[PDB]
file input-v7.cif (mmCIF, C-alpha atoms and all ligand atoms)
data_my_file
#
loop_
_atom_site.label_atom_id
_atom_site.label_comp_id
_atom_site.auth_asym_id
_atom_site.auth_seq_id
_atom_site.Cartn_x
_atom_site.Cartn_y
_atom_site.Cartn_z
CA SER P 1 0.00 0.00 0.00
CA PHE P 2 3.01 2.06 0.84
CA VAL P 3 4.84 2.89 -2.40
CA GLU P 4 3.25 6.31 -1.93
CA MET P 5 5.56 6.93 1.08
CA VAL P 6 8.74 5.64 -0.44
CA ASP P 7 11.35 8.39 -0.88
CA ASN P 8 9.28 10.96 1.18
CA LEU P 9 12.41 12.15 3.03
CA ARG P 10 15.15 14.63 2.20
CA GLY P 11 17.94 16.54 3.88
CA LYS P 12 21.52 17.68 4.13
CA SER P 13 24.45 15.85 5.78
CA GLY P 14 24.19 16.11 9.55
CA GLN P 15 21.23 18.50 9.42
CA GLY P 16 18.57 15.85 9.93
CA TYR P 17 16.03 14.17 7.72
CA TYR P 18 12.70 15.93 6.91
CA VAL P 19 9.20 15.15 5.61
CA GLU P 20 6.67 17.53 4.04
CA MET P 21 3.60 18.47 6.13
CA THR P 22 0.61 20.80 6.02
CA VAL P 23 -0.95 22.63 8.97
CA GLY P 24 -4.20 24.51 9.40
CA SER P 25 -6.98 25.54 7.00
CA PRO P 26 -6.10 26.60 4.26
CA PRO P 27 -3.08 24.21 4.29
CA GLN P 28 0.28 25.78 5.00
CA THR P 29 3.24 23.76 3.86
CA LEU P 30 6.32 23.15 5.93
CA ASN P 31 9.21 20.74 6.06
CA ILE P 32 9.50 18.98 9.38
CA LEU P 33 12.53 17.17 10.81
CA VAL P 34 11.60 13.58 11.85
CA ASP P 35 12.85 12.82 15.39
CA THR P 36 12.50 9.54 17.16
CA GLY P 37 14.23 10.98 20.24
CA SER P 38 11.58 13.51 21.33
CA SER P 39 7.89 13.80 21.59
CA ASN P 40 6.86 17.37 20.85
CA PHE P 41 5.46 18.53 17.54
CA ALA P 42 6.75 22.08 17.08
CA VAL P 43 7.09 24.67 14.32
CA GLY P 44 8.68 28.03 13.62
CA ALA P 45 5.89 30.53 14.05
CA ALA P 46 7.66 33.89 13.87
CA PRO P 47 10.50 35.57 11.90
CA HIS P 48 13.98 34.11 12.12
CA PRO P 49 16.93 34.66 9.80
CA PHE P 50 17.43 30.95 9.24
CA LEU P 51 13.76 30.37 8.38
CA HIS P 52 12.53 31.06 4.85
CA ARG P 53 8.98 30.11 5.78
CA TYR P 54 6.93 29.85 9.00
CA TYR P 55 3.56 28.98 10.49
CA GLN P 56 0.98 31.78 10.69
CA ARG P 57 -1.73 31.13 13.17
CA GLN P 58 -3.86 34.26 12.32
CA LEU P 59 -4.76 32.85 8.89
CA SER P 60 -5.86 29.40 9.89
CA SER P 61 -9.51 29.20 10.71
CA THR P 62 -8.98 25.82 12.40
CA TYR P 63 -6.35 27.12 14.96
CA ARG P 64 -7.09 26.91 18.73
CA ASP P 65 -5.03 28.69 21.41
CA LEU P 66 -4.43 26.45 24.49
CA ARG P 67 -3.15 29.49 26.44
CA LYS P 68 -0.02 27.75 27.84
CA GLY P 69 3.63 28.15 27.15
CA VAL P 70 6.14 25.37 26.77
CA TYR P 71 9.89 24.98 26.77
CA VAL P 72 12.12 22.16 25.32
CA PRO P 73 15.86 21.80 25.60
CA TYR P 74 17.73 19.18 23.59
CA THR P 75 21.33 17.95 23.72
CA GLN P 76 21.76 20.64 21.09
CA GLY P 77 19.49 23.69 20.89
CA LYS P 78 16.40 24.77 22.77
CA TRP P 79 13.23 26.71 22.16
CA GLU P 80 10.17 28.14 23.91
CA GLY P 81 6.69 28.89 22.67
CA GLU P 82 2.95 28.74 22.77
CA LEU P 83 0.69 25.79 22.55
CA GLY P 84 -2.41 25.21 20.48
CA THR P 85 -4.06 22.58 18.28
CA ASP P 86 -4.68 22.54 14.45
CA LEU P 87 -5.43 20.23 11.54
CA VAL P 88 -2.40 18.55 10.12
CA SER P 89 -1.55 16.36 7.15
CA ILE P 90 1.35 14.59 5.59
CA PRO P 91 1.02 14.96 1.72
CA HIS P 92 3.25 11.91 0.88
CA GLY P 93 1.90 9.96 3.82
CA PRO P 94 -1.44 8.35 4.52
CA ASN P 95 -4.53 10.07 3.15
CA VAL P 96 -5.75 11.45 6.40
CA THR P 97 -6.18 14.59 8.46
CA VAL P 98 -5.79 14.86 12.19
CA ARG P 99 -6.09 17.44 14.93
CA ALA P 100 -2.80 17.44 16.82
CA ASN P 101 -1.05 19.48 19.46
CA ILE P 102 1.36 21.99 18.05
CA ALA P 103 3.92 24.28 19.66
CA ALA P 104 4.25 27.63 18.04
CA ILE P 105 7.91 28.46 18.48
CA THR P 106 8.40 32.09 19.59
CA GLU P 107 12.13 32.21 20.66
CA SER P 108 14.96 29.77 20.12
CA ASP P 109 18.67 29.31 20.41
CA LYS P 110 21.05 27.05 18.27
CA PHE P 111 18.01 25.09 17.09
CA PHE P 112 17.33 26.28 13.54
CA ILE P 113 20.32 25.80 11.23
CA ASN P 114 21.21 28.06 8.30
CA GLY P 115 20.21 26.73 4.91
CA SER P 116 18.67 23.60 6.36
CA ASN P 117 15.33 23.59 4.56
CA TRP P 118 13.24 22.58 7.54
CA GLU P 119 11.09 24.81 9.77
CA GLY P 120 9.91 22.48 12.65
CA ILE P 121 10.23 19.05 14.33
CA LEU P 122 8.08 16.01 14.65
CA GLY P 123 8.68 14.22 17.92
CA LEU P 124 7.75 10.53 17.32
CA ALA P 125 8.42 9.10 20.84
CA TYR P 126 6.07 8.70 23.79
CA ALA P 127 4.13 11.14 25.99
CA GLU P 128 6.24 10.44 29.07
CA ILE P 129 8.90 12.86 27.61
CA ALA P 130 6.60 15.57 26.22
CA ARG P 131 6.94 18.98 27.65
CA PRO P 132 5.38 20.52 29.48
CA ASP P 133 4.27 17.09 30.66
CA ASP P 134 2.70 13.66 30.19
CA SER P 135 -0.66 15.02 29.20
CA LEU P 136 0.34 16.78 25.95
CA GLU P 137 -0.50 13.89 23.49
CA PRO P 138 2.20 13.55 20.78
CA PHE P 139 1.43 13.50 17.08
CA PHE P 140 1.57 9.81 16.47
CA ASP P 141 -0.65 9.05 19.43
CA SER P 142 -3.28 11.46 17.93
CA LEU P 143 -2.83 9.85 14.48
CA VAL P 144 -3.45 6.41 15.84
CA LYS P 145 -6.40 7.45 17.97
CA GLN P 146 -8.13 9.58 15.30
CA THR P 147 -7.79 7.14 12.30
CA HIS P 148 -7.22 3.53 11.39
CA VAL P 149 -3.45 3.82 10.81
CA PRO P 150 -1.64 0.84 12.43
CA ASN P 151 0.52 1.74 15.40
CA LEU P 152 3.94 1.40 13.84
CA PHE P 153 6.26 3.25 11.45
CA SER P 154 9.60 2.44 9.86
CA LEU P 155 12.58 4.51 8.76
CA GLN P 156 15.15 4.04 6.11
CA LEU P 157 17.70 6.84 6.26
CA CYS P 158 20.12 6.91 3.26
CA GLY P 159 23.42 8.76 3.86
CA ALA P 160 24.37 9.15 0.09
CA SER P 172 22.57 15.96 0.52
CA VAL P 173 20.52 12.99 1.63
CA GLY P 174 17.20 11.04 1.34
CA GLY P 175 15.09 8.20 2.64
CA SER P 176 11.63 6.85 3.55
CA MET P 177 9.25 7.09 6.46
CA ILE P 178 6.56 4.41 6.03
CA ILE P 179 3.73 5.37 8.42
CA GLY P 180 1.56 2.41 9.26
CA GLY P 181 3.75 -0.48 8.23
CA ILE P 182 6.77 -2.09 6.77
CA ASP P 183 7.91 -2.04 3.08
CA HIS P 184 9.88 -5.05 1.85
CA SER P 185 11.58 -3.10 -0.92
CA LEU P 186 13.57 -1.11 1.60
CA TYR P 187 15.58 -3.96 3.07
CA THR P 188 17.22 -7.28 2.39
CA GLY P 189 17.70 -10.28 4.66
CA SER P 190 15.65 -10.84 7.79
CA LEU P 191 14.32 -8.39 10.29
CA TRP P 192 15.58 -8.91 13.82
CA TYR P 193 13.78 -7.46 16.82
CA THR P 194 14.72 -6.00 20.25
CA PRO P 195 12.19 -5.19 23.04
CA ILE P 196 11.40 -1.57 23.88
CA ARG P 197 12.35 -1.60 27.56
CA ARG P 198 10.11 1.23 28.47
CA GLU P 199 7.80 3.56 26.63
CA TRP P 200 9.43 6.97 26.90
CA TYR P 201 12.34 7.21 24.55
CA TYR P 202 12.60 4.23 22.24
CA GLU P 203 14.77 2.56 24.85
CA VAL P 204 16.69 -0.63 24.18
CA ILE P 205 19.36 -2.75 25.88
CA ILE P 206 22.82 -3.24 24.45
CA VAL P 207 24.39 -6.40 25.80
CA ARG P 208 27.84 -6.55 24.18
CA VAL P 209 30.14 -4.44 22.10
CA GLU P 210 32.86 -5.67 19.76
CA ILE P 211 35.53 -3.81 17.84
CA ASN P 212 37.17 -5.81 15.06
CA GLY P 213 35.65 -9.01 16.47
CA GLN P 214 37.26 -8.25 19.81
CA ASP P 215 35.10 -7.74 22.90
CA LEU P 216 35.52 -4.48 24.87
CA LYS P 217 35.19 -6.57 28.02
CA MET P 218 33.18 -4.24 30.25
CA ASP P 219 30.31 -4.81 32.62
CA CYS P 220 27.44 -4.51 30.14
CA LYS P 221 25.60 -2.06 32.50
CA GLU P 222 28.09 0.52 31.38
CA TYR P 223 26.77 0.30 27.74
CA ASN P 224 23.27 1.44 28.98
CA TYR P 225 24.45 3.81 31.63
CA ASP P 226 21.65 6.07 32.23
CA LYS P 227 19.91 4.52 29.16
CA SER P 228 20.44 3.51 25.47
CA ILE P 229 17.98 4.94 22.91
CA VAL P 230 17.36 5.01 19.16
CA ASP P 231 17.24 8.60 17.89
CA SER P 232 16.79 9.75 14.29
CA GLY P 233 17.26 13.40 15.40
CA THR P 234 20.89 12.91 16.59
CA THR P 235 23.84 12.76 14.14
CA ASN P 236 26.41 10.69 15.92
CA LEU P 237 26.80 7.41 17.69
CA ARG P 238 27.12 8.87 21.22
CA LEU P 239 28.53 6.63 23.95
CA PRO P 240 28.88 7.06 27.71
CA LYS P 241 32.22 8.47 28.96
CA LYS P 242 33.74 5.13 30.05
CA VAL P 243 32.61 3.31 26.89
CA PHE P 244 33.68 6.10 24.63
CA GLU P 245 37.37 6.03 25.70
CA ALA P 246 37.58 2.25 25.56
CA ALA P 247 36.07 2.44 22.16
CA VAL P 248 38.57 5.03 21.02
CA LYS P 249 41.59 3.04 22.36
CA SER P 250 40.56 -0.03 20.25
CA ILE P 251 39.79 2.04 17.25
CA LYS P 252 43.22 3.76 17.48
CA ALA P 253 45.13 0.48 17.86
CA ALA P 254 43.43 -1.17 14.85
CA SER P 255 44.18 1.94 12.75
CA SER P 256 47.77 2.55 14.04
CA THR P 257 49.27 1.83 10.63
CA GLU P 258 48.51 5.63 10.35
CA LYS P 259 48.39 8.41 13.04
CA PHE P 260 45.96 11.32 13.42
CA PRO P 261 45.60 14.51 15.56
CA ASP P 262 44.09 14.10 19.06
CA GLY P 263 41.48 16.59 17.80
CA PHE P 264 40.16 14.07 15.26
CA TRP P 265 39.12 11.56 17.91
CA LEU P 266 37.27 14.42 19.62
CA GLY P 267 35.43 15.57 16.49
CA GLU P 268 37.41 18.78 16.78
CA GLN P 269 39.14 18.31 13.40
CA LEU P 270 38.63 16.60 9.98
CA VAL P 271 40.92 14.25 7.99
CA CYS P 272 41.77 14.07 4.30
CA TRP P 273 42.95 11.81 1.51
CA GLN P 274 43.20 11.90 -2.29
CA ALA P 275 39.68 11.74 -3.79
CA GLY P 276 38.92 7.97 -4.22
CA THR P 277 41.88 6.77 -2.11
CA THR P 278 40.29 6.56 1.38
CA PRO P 279 41.97 3.63 3.33
CA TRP P 280 38.67 2.21 4.59
CA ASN P 281 40.17 -1.23 5.15
CA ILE P 282 42.53 0.00 7.94
CA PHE P 283 39.49 0.94 10.00
CA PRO P 284 37.58 -1.56 12.15
CA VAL P 285 34.04 -2.89 12.12
CA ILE P 286 31.95 -2.16 15.22
CA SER P 287 29.21 -4.53 16.46
CA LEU P 288 26.42 -3.88 18.93
CA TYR P 289 24.63 -6.86 20.35
CA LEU P 290 21.12 -6.16 21.44
CA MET P 291 18.69 -8.06 23.57
CA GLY P 292 16.50 -10.45 21.47
CA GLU P 293 12.94 -11.75 21.66
CA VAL P 294 13.49 -15.19 23.14
CA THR P 295 15.31 -16.45 26.30
CA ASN P 296 19.10 -15.84 26.38
CA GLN P 297 18.88 -14.77 22.72
CA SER P 298 20.61 -11.77 21.14
CA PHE P 299 21.52 -10.53 17.65
CA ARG P 300 24.11 -8.08 16.41
CA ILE P 301 24.25 -5.07 14.21
CA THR P 302 27.58 -4.32 12.57
CA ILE P 303 28.66 -1.03 11.16
CA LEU P 304 31.43 -0.03 8.87
CA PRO P 305 33.75 2.96 8.99
CA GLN P 306 31.80 4.37 6.07
CA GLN P 307 28.99 4.93 8.65
CA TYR P 308 31.06 6.36 11.48
CA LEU P 309 33.43 8.54 9.39
CA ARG P 310 31.03 11.06 7.97
CA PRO P 311 31.92 13.05 4.89
CA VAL P 312 31.58 16.77 4.33
CA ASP P 320 40.73 15.73 -1.38
CA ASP P 321 37.83 13.72 0.28
CA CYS P 322 37.35 14.73 3.97
CA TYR P 323 35.56 13.22 6.96
CA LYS P 324 34.65 13.85 10.58
CA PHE P 325 34.75 11.14 13.28
CA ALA P 326 31.04 10.71 14.14
CA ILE P 327 31.41 8.81 17.43
CA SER P 328 31.38 11.03 20.47
CA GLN P 329 31.07 11.26 24.21
CA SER P 330 27.83 11.49 26.10
CA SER P 331 26.76 11.86 29.69
CA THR P 332 23.07 11.01 29.22
CA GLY P 333 23.61 7.43 27.94
CA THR P 334 23.91 5.86 24.49
CA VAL P 335 22.27 7.54 21.52
CA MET P 336 22.06 5.48 18.32
CA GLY P 337 21.64 8.33 15.82
CA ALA P 338 22.00 8.55 12.07
CA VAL P 339 25.44 6.93 12.18
CA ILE P 340 23.73 3.74 13.28
CA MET P 341 20.50 4.16 11.37
CA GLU P 342 21.85 4.87 7.83
CA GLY P 343 22.94 1.22 7.57
CA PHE P 344 19.55 -0.22 8.39
CA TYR P 345 15.88 -0.28 7.93
CA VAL P 346 14.50 0.37 11.44
CA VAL P 347 11.04 -0.63 12.41
CA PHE P 348 9.33 1.05 15.33
CA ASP P 349 6.73 -1.48 16.24
CA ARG P 350 4.94 0.21 19.03
CA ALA P 351 2.06 -2.24 18.96
CA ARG P 352 4.39 -5.10 19.99
CA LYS P 353 6.90 -2.92 21.91
CA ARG P 354 9.86 -3.73 19.78
CA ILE P 355 12.30 -2.32 17.31
CA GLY P 356 13.36 -4.29 14.26
CA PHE P 357 16.59 -3.94 12.37
CA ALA P 358 17.49 -5.10 8.86
CA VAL P 359 20.20 -4.46 6.32
CA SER P 360 19.00 -1.35 4.44
CA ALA P 361 18.56 -1.57 0.66
CA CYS P 362 20.46 1.78 0.38
CA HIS P 363 23.45 1.09 2.60
CA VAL P 364 27.06 2.06 1.56
CA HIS P 365 28.87 -1.10 0.36
CA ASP P 366 32.58 -1.79 0.62
CA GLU P 367 33.67 -4.21 -2.06
CA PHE P 368 35.28 -6.20 0.86
CA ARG P 369 32.79 -5.92 3.79
CA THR P 370 29.10 -5.25 4.59
CA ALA P 371 26.89 -3.81 7.28
CA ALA P 372 25.10 -6.72 8.80
CA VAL P 373 22.29 -7.83 11.11
CA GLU P 374 23.12 -11.30 12.45
CA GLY P 375 21.78 -13.83 14.91
CA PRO P 376 20.78 -15.64 16.92
CA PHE P 377 23.49 -15.50 19.49
CA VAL P 378 23.38 -16.59 23.10
CA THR P 379 23.94 -14.06 25.95
CA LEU P 380 23.18 -14.77 29.59
CA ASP P 381 21.64 -12.34 32.19
CA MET P 382 20.46 -9.77 29.60
CA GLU P 383 17.99 -8.13 32.01
CA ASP P 384 20.99 -7.33 34.24
CA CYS P 385 22.55 -5.16 31.51
CA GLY P 386 19.94 -2.41 32.10
CA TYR P 387 20.59 0.48 34.50
CA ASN P 388 18.18 1.52 37.30
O1 LIG R 401 19.92 17.01 20.34
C1 LIG R 401 19.83 16.80 19.14
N1 LIG R 401 18.74 16.26 18.58
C2 LIG R 401 17.42 16.27 19.24
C3 LIG R 401 16.39 16.86 18.24
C4 LIG R 401 16.95 18.12 17.52
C5 LIG R 401 16.78 18.26 16.16
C6 LIG R 401 17.25 19.38 15.49
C7 LIG R 401 17.94 20.37 16.16
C8 LIG R 401 18.14 20.23 17.53
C9 LIG R 401 17.63 19.12 18.21
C10 LIG R 401 16.91 14.97 19.79
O2 LIG R 401 15.58 15.18 20.26
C11 LIG R 401 17.74 14.47 20.98
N2 LIG R 401 17.01 13.40 21.62
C12 LIG R 401 17.57 13.09 22.98
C13 LIG R 401 17.04 14.18 23.98
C14 LIG R 401 17.95 14.80 24.82
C15 LIG R 401 17.47 15.78 25.69
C16 LIG R 401 16.13 16.12 25.74
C17 LIG R 401 15.20 15.48 24.94
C18 LIG R 401 13.66 15.87 24.99
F1 LIG R 401 12.83 14.84 25.02
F2 LIG R 401 13.31 16.64 26.01
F3 LIG R 401 13.44 16.55 23.89
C19 LIG R 401 15.68 14.54 24.04
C20 LIG R 401 21.12 16.80 18.28
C21 LIG R 401 22.37 16.44 18.79
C22 LIG R 401 23.48 16.44 17.92
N3 LIG R 401 24.69 16.09 18.29
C23 LIG R 401 25.53 16.89 19.19
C24 LIG R 401 26.77 16.04 19.43
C25 LIG R 401 26.71 14.88 18.39
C26 LIG R 401 25.32 14.97 17.83
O3 LIG R 401 24.88 14.12 17.02
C27 LIG R 401 23.32 16.76 16.57
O4 LIG R 401 24.25 16.72 15.78
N4 LIG R 401 22.11 17.08 16.10
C28 LIG R 401 22.03 17.42 14.68
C29 LIG R 401 21.38 18.82 14.48
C30 LIG R 401 20.23 18.59 13.55
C31 LIG R 401 19.86 17.13 13.78
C32 LIG R 401 21.18 16.40 13.90
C33 LIG R 401 21.01 17.08 16.92
#
call {"tool": "encode", "arguments": {"input": "input-v7.cif", "output": "structure tokens", "more": "lines below"}}
Ligand SMILES: O=C(N[C@@H](Cc1ccccc1)[C@H](O)CNCc1cccc(C(F)(F)F)c1)c1cc(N2CCCC2=O)c(=O)n(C2CCCC2)c1
result
Amino acid sequence: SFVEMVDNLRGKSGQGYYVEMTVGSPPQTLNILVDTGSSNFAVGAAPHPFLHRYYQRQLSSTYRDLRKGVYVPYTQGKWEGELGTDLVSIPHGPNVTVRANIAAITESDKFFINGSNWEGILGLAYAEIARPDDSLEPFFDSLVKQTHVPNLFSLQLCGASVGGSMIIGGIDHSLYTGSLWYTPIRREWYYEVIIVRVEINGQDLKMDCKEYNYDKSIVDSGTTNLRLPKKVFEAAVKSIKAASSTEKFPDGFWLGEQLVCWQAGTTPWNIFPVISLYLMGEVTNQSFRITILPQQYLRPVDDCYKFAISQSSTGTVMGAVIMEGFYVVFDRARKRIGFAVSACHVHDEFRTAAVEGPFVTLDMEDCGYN
């Protein structure tokens, strides 16, 4: 049913992926960044030098003021504004119209990005993390309640400027090859999962697995990098350095401070290691792994790249670095996230991104922090 949604996503580099939407009556058109790591629907609603277009409440006859402000701070950027509801559609989405909560963004800081082509943000996670609180129903919850759209969506982010698909209401077999493998959502707030082992070039990092999920581990289409807790990050960087020691790089590279260059075509991919995350599976003592290549974690901007693994103090964030290799299925109805090899992933002639299992892992519940 879903060819109509294929290729409904666009963007630039590490400036997020966006889908076209309409708000209000008559329909105003905006591009909205798709964000599995938050839960507020919000839109530019006033002049800003990075916005070429914005939402104008005056001239929608279906607007309703809710007379309540709201504030949202992210790992990067923050904004405040004014709540209301309005009628909203997704043109290359399902043929439906819904009445959703919408934040009209009045002030903001280091949120909007110059030349980005998007004007708001569609928070696809659960109510538990909506500002101002619980009770502001997120967009997808309204969609599901107000229509007959099944309670799942799936994302295929291609890292080629950049493109992909958001299939709302199901799964499209043309976007992946191999099998889908599934991990439980641990709790409905973020799309929280449990990582149970980490390998770099087939070698185990040998930490207490609690450290991998310290605070929490989440899947987040609105974050660029693979972000890793302090302890895990360093250990990761040590192993990555050693396997690539055949050449040396500035300390500022490993910190994302720098950038690193080679003769167009000549990038020494092979000297760089494969990274595997093992995730909790669906059956007793059962896990599977996702493997990424350096083409995913060295992101391009002589051909030059930035190291897109970085430190975090709020847990693991599996952003675009992770997602670009896979088709990712957010199966809210069964509380699980599926991974499969994406049909648009960047091939090495020697190696591939992979989703593999089953494997056996004991005490998987114990890997989650409390
Ligand atoms: O924090 C970021 N993403 C937000 C959403 C967002 C989109 C566009 C601009 C700014 C922010 C995600 O929502 C983060 N989810 C985790 C989260 C942390 C804190 C609070 C919340 C919540 F729920 F309250 F919103 C959620 C973030 C974080 C980024 N960073 C900073 C260090 C490495 C990295 O990937 C980043 O590069 N981006 C890029 C800018 C455009 C999108 C990719 C974004």
call {"tool": "closest_residue", "arguments": {"input": "input-v7.cif", "among": "P:241, P:363, P:252, P:131", "to": "residue P:341", "atoms": "only C-alpha atoms"}}
result
P:363
call {"tool": "closest_residue", "arguments": {"input": "input-v7.cif", "among": "P:150, P:213, P:376, P:220", "to": "residue P:182", "atoms": "all atoms listed in the file"}}
result
P:150
call {"tool": "residues_near_ligand", "arguments": {"input": "input-v7.cif", "ligand": "ligand LIG 401 (chain R)", "cutoff": "6 Å", "atoms": "only C-alpha atoms and all ligand atoms", "output": "VMD selection string"}}
result
chain P and resid 14 to 16 37 to 38 72 to 77 111 129 233 to 236
call {"tool": "atom_distance", "arguments": {"input": "input-v7.cif", "atom1": "atom CA of residue P:223", "atom2": "atom CA of residue P:355"}}
result
18.0 Å
call {"tool": "atom_distance", "arguments": {"input": "input-v7.cif", "atom1": "atom CA of residue P:347", "atom2": "atom CA of residue P:174"}}
result
17.2 Å
call {"tool": "closest_atom_pairs", "arguments": {"input": "input-v7.cif", "of": "stretch 135-242 of chain P", "to": "stretch 89-95 of chain P", "cutoff": "12 Å", "atoms": "all atoms listed in the file", "output": "tab-separated table"}}
result
residue	atom	partner	partner_atom	distance
P:139	CA	P:89	CA	10.8
P:140	CA	P:89	CA	11.8
P:142	CA	P:89	CA	12.0
P:143	CA	P:89	CA	9.9
P:144	CA	P:94	CA	11.7
P:147	CA	P:94	CA	10.1
P:148	CA	P:94	CA	10.2
P:149	CA	P:94	CA	8.0
P:150	CA	P:94	CA	10.9
P:153	CA	P:93	CA	11.1
P:176	CA	P:92	CA	10.1
P:177	CA	P:93	CA	8.3
P:178	CA	P:93	CA	7.6
P:179	CA	P:93	CA	6.8
P:180	CA	P:94	CA	8.2
P:181	CA	P:94	CA	10.9
call {"tool": "closest_residue", "arguments": {"input": "input-v7.cif", "among": "P:371, P:209, P:237, P:43", "to": "residue P:310", "atoms": "all atoms listed in the file"}}
result
P:237
call {"tool": "residues_around", "arguments": {"input": "input-v7.cif", "residues": "stretch 104-106 of chain P", "least_positions_apart": "5", "cutoff": "12 Å", "atoms": "all atoms listed in the file", "output": "PDB file with C-alpha atoms, in the coordinates of the input"}}
result
ATOM      1  CA  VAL P  23      -0.950  22.630   8.970  1.00  0.00           C
ATOM      2  CA  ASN P  40       6.860  17.370  20.850  1.00  0.00           C
ATOM      3  CA  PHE P  41       5.460  18.530  17.540  1.00  0.00           C
ATOM      4  CA  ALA P  42       6.750  22.080  17.080  1.00  0.00           C
ATOM      5  CA  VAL P  43       7.090  24.670  14.320  1.00  0.00           C
ATOM      6  CA  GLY P  44       8.680  28.030  13.620  1.00  0.00           C
ATOM      7  CA  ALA P  45       5.890  30.530  14.050  1.00  0.00           C
ATOM      8  CA  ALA P  46       7.660  33.890  13.870  1.00  0.00           C
ATOM      9  CA  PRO P  47      10.500  35.570  11.900  1.00  0.00           C
ATOM     10  CA  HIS P  48      13.980  34.110  12.120  1.00  0.00           C
ATOM     11  CA  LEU P  51      13.760  30.370   8.380  1.00  0.00           C
ATOM     12  CA  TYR P  54       6.930  29.850   9.000  1.00  0.00           C
ATOM     13  CA  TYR P  55       3.560  28.980  10.490  1.00  0.00           C
ATOM     14  CA  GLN P  56       0.980  31.780  10.690  1.00  0.00           C
ATOM     15  CA  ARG P  57      -1.730  31.130  13.170  1.00  0.00           C
ATOM     16  CA  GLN P  58      -3.860  34.260  12.320  1.00  0.00           C
ATOM     17  CA  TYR P  63      -6.350  27.120  14.960  1.00  0.00           C
ATOM     18  CA  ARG P  64      -7.090  26.910  18.730  1.00  0.00           C
ATOM     19  CA  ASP P  65      -5.030  28.690  21.410  1.00  0.00           C
ATOM     20  CA  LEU P  66      -4.430  26.450  24.490  1.00  0.00           C
ATOM     21  CA  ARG P  67      -3.150  29.490  26.440  1.00  0.00           C
ATOM     22  CA  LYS P  68      -0.020  27.750  27.840  1.00  0.00           C
ATOM     23  CA  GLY P  69       3.630  28.150  27.150  1.00  0.00           C
ATOM     24  CA  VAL P  70       6.140  25.370  26.770  1.00  0.00           C
ATOM     25  CA  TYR P  71       9.890  24.980  26.770  1.00  0.00           C
ATOM     26  CA  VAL P  72      12.120  22.160  25.320  1.00  0.00           C
ATOM     27  CA  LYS P  78      16.400  24.770  22.770  1.00  0.00           C
ATOM     28  CA  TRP P  79      13.230  26.710  22.160  1.00  0.00           C
ATOM     29  CA  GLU P  80      10.170  28.140  23.910  1.00  0.00           C
ATOM     30  CA  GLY P  81       6.690  28.890  22.670  1.00  0.00           C
ATOM     31  CA  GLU P  82       2.950  28.740  22.770  1.00  0.00           C
ATOM     32  CA  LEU P  83       0.690  25.790  22.550  1.00  0.00           C
ATOM     33  CA  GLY P  84      -2.410  25.210  20.480  1.00  0.00           C
ATOM     34  CA  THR P  85      -4.060  22.580  18.280  1.00  0.00           C
ATOM     35  CA  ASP P  86      -4.680  22.540  14.450  1.00  0.00           C
ATOM     36  CA  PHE P 111      18.010  25.090  17.090  1.00  0.00           C
ATOM     37  CA  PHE P 112      17.330  26.280  13.540  1.00  0.00           C
ATOM     38  CA  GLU P 119      11.090  24.810   9.770  1.00  0.00           C
ATOM     39  CA  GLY P 120       9.910  22.480  12.650  1.00  0.00           C
ATOM     40  CA  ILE P 121      10.230  19.050  14.330  1.00  0.00           C
TER      41      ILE P 121
END
call {"tool": "atom_distance", "arguments": {"input": "input-v7.cif", "atom1": "atom CA of residue P:382", "atom2": "atom CA of residue P:353"}}
result
17.0 Å
